[PDB]
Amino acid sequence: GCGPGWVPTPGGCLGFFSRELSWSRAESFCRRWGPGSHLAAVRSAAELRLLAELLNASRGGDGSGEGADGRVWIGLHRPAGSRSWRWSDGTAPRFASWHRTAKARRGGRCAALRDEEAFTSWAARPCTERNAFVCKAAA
């Protein structure tokens, strides 16, 4: 039972926010909803499809929520000093949909879903970049 403005996903609720914030500020914003809330982690292709539907908003409405107009921050990032990327919600890596090009895998330590392919892949962006974002409040 997700509140107004949020949609169901396995294990919790998704919430898209159009306000543009740096990765860190977006992650903090998500954490402010309470324990278990973070920038959304994507654990499977099925989960990504639900996210794509929410962000593209090509045919679906509830009350007062539209779709994303650009790249969207998600919970994957590479802390300074670490060689691998990790999800901000504590889940171990299991699924990844990096845009398959060398350029999309460099240029920053934070990942954002791309609007180019209707939110089906993500790329590395400067963590200071201000982008819209999506939170997942896990049960």
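One rule holds for the numbers: they count along the sequence shown, beginning at 1.
Judged by mean Cα B factor in the deposited record, 102-110 ranks above the other of 29-37 and 102-110. Of the two stretches examined, 81-89 and 45-53, the record assigns the greater average C-alpha temperature factor to 81-89. Per the PDB entry, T9 shows the highest C-alpha temperature factor of the residues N131, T9, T120, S24. Split the chain's modelled residues into thirds by C-alpha temperature factor. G60 is in the highest one. Per-chain ranking of the deposited C-alpha B factor places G67 in the highest third.
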